[PDB]
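Source file entry.txt; content: compact mmCIF, C-alpha atoms and all ligand atoms.
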```txt
# COMPACT_ATOMS: atom_id res chain seq x y z
CA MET A 1 20.18 31.03 30.74
CA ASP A 2 21.61 33.83 32.84
CA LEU A 3 23.73 32.42 35.66
CA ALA A 4 24.75 35.77 37.16
CA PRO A 5 21.92 35.76 39.72
CA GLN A 6 22.92 32.31 40.98
CA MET A 7 26.62 33.20 41.02
CA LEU A 8 25.85 36.24 43.18
CA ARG A 9 23.95 34.03 45.62
CA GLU A 10 26.94 31.67 45.79
CA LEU A 11 29.30 34.53 46.56
CA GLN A 12 26.98 35.81 49.29
CA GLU A 13 26.87 32.31 50.78
CA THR A 14 30.69 32.25 50.79
CA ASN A 15 30.76 35.44 52.81
CA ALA A 16 28.13 34.09 55.18
CA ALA A 17 30.24 30.97 55.73
CA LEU A 18 33.40 33.07 56.15
CA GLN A 19 31.78 35.20 58.84
CA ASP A 20 30.92 31.98 60.70
CA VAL A 21 34.51 30.73 60.42
CA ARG A 22 35.85 34.05 61.68
CA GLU A 23 33.48 33.98 64.64
CA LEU A 24 34.50 30.43 65.52
CA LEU A 25 38.20 31.18 65.11
CA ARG A 26 38.10 34.17 67.42
CA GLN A 27 36.37 32.10 70.10
CA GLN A 28 38.87 29.29 69.60
CA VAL A 29 41.84 31.60 70.10
CA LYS A 30 40.26 32.64 73.39
CA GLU A 31 39.95 29.04 74.57
CA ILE A 32 43.53 28.15 73.62
CA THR A 33 44.70 31.28 75.43
CA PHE A 34 42.86 30.30 78.63
CA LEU A 35 44.39 26.85 78.33
CA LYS A 36 47.88 28.33 77.95
CA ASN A 37 47.56 30.55 81.02
CA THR A 38 46.15 27.64 83.03
CA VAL A 39 49.21 25.53 82.20
CA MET A 40 51.56 28.38 83.09
CA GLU A 41 50.19 28.67 86.63
CA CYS A 42 50.13 24.90 87.14
CA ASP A 43 52.09 24.44 90.37
CA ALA A 44 53.27 20.99 89.27
CA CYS A 45 55.29 22.60 86.47
CA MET B 1 33.18 29.29 24.98
CA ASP B 2 31.20 31.09 27.69
CA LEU B 3 32.79 30.17 31.03
CA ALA B 4 29.93 31.07 33.39
CA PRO B 5 28.73 27.45 33.76
CA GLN B 6 32.23 26.38 34.81
CA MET B 7 32.67 29.37 37.12
CA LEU B 8 29.39 28.59 38.89
CA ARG B 9 30.51 25.02 39.48
CA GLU B 10 33.74 26.29 41.05
CA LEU B 11 31.81 28.61 43.36
CA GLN B 12 29.54 25.75 44.38
CA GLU B 13 32.55 23.55 45.14
CA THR B 14 34.03 26.34 47.25
CA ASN B 15 30.90 26.59 49.39
CA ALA B 16 30.68 22.82 49.84
CA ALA B 17 34.26 22.79 51.12
CA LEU B 18 33.50 25.75 53.37
CA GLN B 19 30.55 23.83 54.82
CA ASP B 20 32.90 21.03 55.78
CA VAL B 21 35.51 23.40 57.20
CA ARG B 22 32.87 25.09 59.36
CA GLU B 23 31.64 21.73 60.69
CA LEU B 24 35.19 20.63 61.52
CA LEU B 25 35.92 23.92 63.24
CA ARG B 26 32.82 23.55 65.40
CA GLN B 27 33.84 20.07 66.52
CA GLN B 28 37.40 21.27 67.15
CA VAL B 29 36.39 24.17 69.41
CA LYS B 30 34.36 21.67 71.42
CA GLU B 31 37.36 19.39 71.98
CA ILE B 32 39.57 22.32 72.94
CA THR B 33 36.99 23.73 75.34
CA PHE B 34 36.74 20.29 76.96
CA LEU B 35 40.53 20.15 77.21
CA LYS B 36 40.59 23.65 78.74
CA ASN B 37 38.23 22.66 81.54
CA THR B 38 39.89 19.28 82.13
CA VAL B 39 43.13 21.13 82.85
CA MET B 40 41.49 23.71 85.10
CA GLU B 41 40.56 20.76 87.33
CA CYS B 42 43.90 18.91 87.19
CA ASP B 43 45.06 17.84 90.64
CA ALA B 44 48.73 18.70 90.03
CA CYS B 45 48.19 22.39 89.23
CA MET C 1 42.23 40.48 26.39
CA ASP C 2 39.39 38.43 27.88
CA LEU C 3 40.06 37.90 31.59
CA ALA C 4 37.31 35.29 32.06
CA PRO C 5 39.72 32.37 31.47
CA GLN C 6 42.17 33.73 34.02
CA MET C 7 39.34 34.30 36.49
CA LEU C 8 38.28 30.65 36.19
CA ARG C 9 41.89 29.56 36.76
CA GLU C 10 42.08 31.60 39.97
CA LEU C 11 38.87 29.95 41.21
CA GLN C 12 40.28 26.52 40.40
CA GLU C 13 43.49 27.29 42.30
CA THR C 14 41.48 28.54 45.26
CA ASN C 15 39.53 25.29 45.43
CA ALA C 16 42.77 23.32 45.33
CA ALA C 17 44.18 25.24 48.28
CA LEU C 18 40.86 25.02 50.12
CA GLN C 19 40.87 21.26 49.58
CA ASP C 20 44.30 21.05 51.24
CA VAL C 21 43.02 23.13 54.14
CA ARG C 22 40.04 20.79 54.61
CA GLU C 23 42.41 17.83 54.82
CA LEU C 24 44.81 19.52 57.23
CA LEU C 25 42.00 20.59 59.54
CA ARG C 26 40.56 17.07 59.44
CA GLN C 27 43.87 15.68 60.66
CA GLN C 28 44.28 18.44 63.23
CA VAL C 29 40.98 17.67 64.95
CA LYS C 30 42.09 14.04 65.29
CA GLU C 31 45.36 15.14 66.89
CA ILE C 32 43.55 17.44 69.32
CA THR C 33 41.07 14.70 70.20
CA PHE C 34 43.89 12.25 70.87
CA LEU C 35 45.55 14.95 72.96
CA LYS C 36 42.34 15.46 74.93
CA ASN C 37 42.00 11.76 75.70
CA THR C 38 45.66 11.53 76.73
CA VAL C 39 45.18 14.37 79.22
CA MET C 40 41.97 12.80 80.55
CA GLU C 41 44.04 9.72 81.42
CA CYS C 42 46.91 11.66 83.00
CA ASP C 43 47.28 10.15 86.47
CA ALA C 44 48.71 13.40 87.85
CA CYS C 45 45.35 15.04 87.11
CA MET D 1 26.94 46.66 35.20
CA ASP D 2 23.90 44.51 36.04
CA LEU D 3 25.07 42.36 38.97
CA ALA D 4 28.80 42.88 38.34
CA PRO D 5 29.04 45.68 40.93
CA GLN D 6 27.38 43.53 43.60
CA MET D 7 29.64 40.59 42.76
CA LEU D 8 32.76 42.73 43.10
CA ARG D 9 31.57 43.94 46.49
CA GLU D 10 31.10 40.35 47.65
CA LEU D 11 34.64 39.50 46.51
CA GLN D 12 36.02 42.48 48.40
CA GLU D 13 34.23 41.39 51.57
CA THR D 14 35.65 37.88 51.20
CA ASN D 15 39.20 39.20 50.98
CA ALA D 16 38.67 41.34 54.08
CA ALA D 17 37.26 38.39 56.01
CA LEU D 18 40.23 36.31 54.86
CA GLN D 19 42.70 38.91 56.10
CA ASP D 20 41.13 38.72 59.57
CA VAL D 21 41.22 34.90 59.53
CA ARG D 22 44.89 35.05 58.57
CA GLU D 23 45.65 37.43 61.45
CA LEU D 24 43.72 35.24 63.89
CA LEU D 25 45.59 32.13 62.75
CA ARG D 26 48.90 33.92 63.16
CA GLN D 27 48.07 34.66 66.79
CA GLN D 28 46.78 31.14 67.41
CA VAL D 29 50.04 29.52 66.25
CA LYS D 30 52.10 31.62 68.66
CA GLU D 31 49.81 30.58 71.53
CA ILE D 32 50.07 26.90 70.59
CA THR D 33 53.85 27.21 70.21
CA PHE D 34 54.13 28.92 73.60
CA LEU D 35 52.08 26.08 75.02
CA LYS D 36 54.19 23.42 73.29
CA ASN D 37 57.28 24.90 74.96
CA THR D 38 55.74 25.30 78.42
CA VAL D 39 54.94 21.57 78.36
CA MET D 40 58.17 20.40 76.78
CA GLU D 41 59.77 22.17 79.72
CA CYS D 42 57.59 20.93 82.59
CA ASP D 43 59.57 19.41 85.47
CA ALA D 44 57.18 16.62 86.51
CA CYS D 45 57.23 15.25 82.95
CA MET E 1 35.49 44.14 29.66
CA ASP E 2 33.18 44.16 32.68
CA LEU E 3 34.52 44.89 36.17
CA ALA E 4 36.62 41.84 35.27
CA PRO E 5 39.98 43.50 36.03
CA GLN E 6 38.73 44.43 39.49
CA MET E 7 37.16 41.02 40.17
CA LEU E 8 40.29 39.17 39.01
CA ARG E 9 42.41 41.30 41.34
CA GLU E 10 40.25 40.38 44.35
CA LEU E 11 40.51 36.68 43.45
CA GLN E 12 44.30 36.91 43.18
CA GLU E 13 44.56 38.57 46.62
CA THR E 14 42.27 35.91 48.10
CA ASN E 15 44.44 33.09 46.74
CA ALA E 16 47.57 34.73 48.13
CA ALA E 17 46.00 34.86 51.59
CA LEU E 18 44.67 31.29 51.33
CA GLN E 19 48.11 29.93 50.47
CA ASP E 20 49.42 31.65 53.59
CA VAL E 21 46.59 30.11 55.66
CA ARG E 22 47.49 26.68 54.27
CA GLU E 23 51.10 27.13 55.36
CA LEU E 24 50.05 28.37 58.80
CA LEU E 25 47.80 25.36 59.31
CA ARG E 26 50.58 23.03 58.17
CA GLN E 27 52.96 24.40 60.79
CA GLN E 28 50.25 24.43 63.45
CA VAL E 29 49.39 20.74 63.14
CA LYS E 30 53.11 20.05 63.48
CA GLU E 31 53.25 21.91 66.80
CA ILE E 32 50.11 20.21 68.06
CA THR E 33 51.42 16.78 67.10
CA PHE E 34 54.64 17.56 68.99
CA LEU E 35 52.61 18.62 72.02
CA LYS E 36 50.61 15.38 71.86
CA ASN E 37 53.76 13.23 71.88
CA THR E 38 55.28 15.17 74.76
CA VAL E 39 52.24 14.49 76.93
CA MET E 40 52.10 10.82 75.98
CA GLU E 41 55.66 10.52 77.30
CA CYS E 42 55.09 12.66 80.40
CA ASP E 43 56.09 10.29 83.21
CA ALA E 44 53.94 12.27 85.66
CA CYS E 45 50.95 10.98 83.70
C1 LIG F 101 46.26 24.76 73.37
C2 LIG F 101 45.73 23.66 73.03
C3 LIG F 101 44.34 23.62 72.39
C4 LIG F 101 44.43 22.94 71.06
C5 LIG F 101 45.30 21.61 70.92
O1 LIG F 101 44.56 20.48 71.38
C6 LIG F 101 46.60 21.71 71.72
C7 LIG F 101 46.40 22.30 73.14
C8 LIG F 101 46.79 21.61 74.26
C9 LIG F 101 46.85 21.65 75.76
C10 LIG F 101 47.39 20.60 76.49
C11 LIG F 101 47.95 19.34 75.68
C12 LIG F 101 48.84 18.48 76.44
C13 LIG F 101 49.77 19.11 77.54
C14 LIG F 101 49.12 20.14 78.45
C15 LIG F 101 49.98 21.46 78.24
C16 LIG F 101 48.84 19.84 80.04
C17 LIG F 101 50.18 19.62 80.96
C18 LIG F 101 50.91 18.36 80.48
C19 LIG F 101 50.05 19.34 82.49
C20 LIG F 101 51.57 19.19 83.12
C21 LIG F 101 51.18 18.14 84.18
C22 LIG F 101 52.22 17.54 85.14
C23 LIG F 101 52.16 18.66 85.99
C24 LIG F 101 52.06 16.63 86.23
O2 LIG F 101 53.63 17.06 84.50
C25 LIG F 101 47.96 21.09 80.43
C26 LIG F 101 47.12 21.42 79.08
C27 LIG F 101 47.59 20.33 78.04
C1 LIG F 102 42.70 29.90 60.15
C2 LIG F 102 42.31 28.70 60.22
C3 LIG F 102 43.19 27.59 60.80
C4 LIG F 102 42.46 26.92 61.91
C5 LIG F 102 40.97 26.45 61.63
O1 LIG F 102 40.98 25.27 60.84
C6 LIG F 102 40.16 27.53 60.92
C7 LIG F 102 40.93 28.21 59.75
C8 LIG F 102 40.38 28.34 58.51
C9 LIG F 102 40.68 28.86 57.14
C10 LIG F 102 39.76 28.74 56.11
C11 LIG F 102 38.37 28.02 56.42
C12 LIG F 102 37.32 28.25 55.43
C13 LIG F 102 37.27 29.62 54.66
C14 LIG F 102 38.62 30.18 54.18
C15 LIG F 102 38.74 31.59 54.90
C16 LIG F 102 39.02 30.24 52.58
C17 LIG F 102 38.09 31.22 51.63
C18 LIG F 102 36.67 30.67 51.61
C19 LIG F 102 38.39 31.36 50.10
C20 LIG F 102 37.31 32.43 49.44
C21 LIG F 102 37.35 31.89 48.00
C22 LIG F 102 36.52 32.50 46.85
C23 LIG F 102 37.69 32.86 46.16
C24 LIG F 102 35.94 31.90 45.69
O2 LIG F 102 35.42 33.65 47.23
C25 LIG F 102 40.54 30.66 52.68
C26 LIG F 102 41.06 29.94 54.03
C27 LIG F 102 39.78 29.19 54.59
```
Kindly transcribe the structure held in the file into structure tokens.
Ligand SMILES: C=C1CC[C@H](O)C/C1=C/C=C1\CCC[C@]2(C)[C@@H]([C@H](C)CCCC(C)(C)O)CC[C@@H]12
Ligand SMILES: C=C1CC[C@H](O)C/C1=C/C=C1\CCC[C@]2(C)[C@@H]([C@H](C)CCCC(C)(C)O)CC[C@@H]12
Amino acid sequence: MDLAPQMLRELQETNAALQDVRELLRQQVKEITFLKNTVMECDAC
Amino acid sequence: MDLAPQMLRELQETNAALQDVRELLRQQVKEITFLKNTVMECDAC
Amino acid sequence: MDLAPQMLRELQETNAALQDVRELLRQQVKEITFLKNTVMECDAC
Amino acid sequence: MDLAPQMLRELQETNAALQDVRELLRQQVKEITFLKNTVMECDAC
Amino acid sequence: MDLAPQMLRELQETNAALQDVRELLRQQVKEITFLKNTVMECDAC
């Protein structure tokens, strides 16, 4: 058999998954940042 | 020995692990977002 | 020389590191969740 | 080179995506560390 | 043979970045765990 076609599909799937991770990570950084700023302006601190 | 069969298996394992990482990241962003909001409504702040 | 063997080795090392990442992230979510619950019970909030 | 060219392009895209993830994680750690300090140094605690 | 030299190079760069990510995550969970303990002991809570 020729496994090249399947290997290419696996690599493409890896990039698809990586794009999802990157998207999630950038949103996560935004949430943590909001949380940080909120704690900084917390009068009780 | 042709190594394509083994390489394909490695690629498949990579994607399976990525699937898990993506799922964990999704659940994590949810917890953080919940924490963010919980703090924005903290009495002593 | 044939680089196929070395390519397979790189893929195997990648999966090892990715496995460690999966485990670390799994523990991290638990820590964040515990953190979330602790804040939800913070009397000052 | 049959599918070789396409496979190399996928690998290049993966490395680029990884670089971004790495940069995002670097920023996230500083935010979390800045938060860890802000708390460790909160009066009411 | 094949674009093997080029593909191997991309795989080596990917591993280098992944090892860095692993180390970043390791340090990050440490900081989060520290944050968790600090809150658990926050008398204001
Ligand atoms: C970035 C992220 C998002 C990802 C991780 O879960 C870690 C994290 C935590 C935010 C937290 C954790 C516990 C302590 C914090 C910093 C709260 C303070 C303890 C509130 C001080 C309250 C007081 C005023 C009465 O003494 C506000 C937000 C809380
Ligand atoms: C920053 C953080 C730390 C905080 C969150 O957990 C999210 C995160 C993830 C890092 C990851 C997740 C899955 C995908 C990545 C980006 C790996 C790649 C899939 C490896 C491509 C491998 C290959 C070689 C076969 O083509 C390397 C590091 C991995």
Give the residues close to ligand LIG 101 (chain F), within 8 Å, counting all atoms listed in the file; write them as a ChimeraX atom specification. /A:31-33,35-36,38-39,42-45 /B:31-33,35-36,39,42,44-45 /C:29,31-33,35-36,38-39,42,44-45 /D:31-32,35-36,38-39,42-45 /E:32,35-36,38-39,42-45
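Counting from atom CA of residue C:5, the distance to atom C18 of ligand LIG 102 (chain F) is 20.4 Å.
Restricting the calculation to all atoms listed in the file, the smallest distance between chain C and any of D:1, D:11, D:17, D:24 is found for D:11.
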Once chain E is optimally superposed onto chain A by least squares, the C-alpha atoms paired in order differ by an RMSD of 1.3 Å
Pick out the residues no farther than 7 Å from ligand LIG 102 (chain F), counting all atoms listed in the file, and list them as a PyMOL selection string. (chain A and resi 11+14+18+21+25) or (chain B and resi 11+14+18+21-22+25) or (chain C and resi 11+14+18+21+25) or (chain D and resi 11+14+18+21-22+24-25) or (chain E and resi 11+14-15+17-18+21+25)
So how far away is atom CA of residue B:27 from atom CA of residue A:40, in Å?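 A separation of 25.6 Å between them.
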Point-to-point distance from atom CA of residue E:26 to atom CA of residue D:10, Å rounded to tenths: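 Separation between atom CA of residue E:26 and atom CA of residue D:10: 28.1 Å.
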Which of these, A:3, A:23, A:8, A:34, has the shortest distance to chain D once you count all atoms listed in the file?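 The shortest atom-to-atom distance to chain D comes from A:8.
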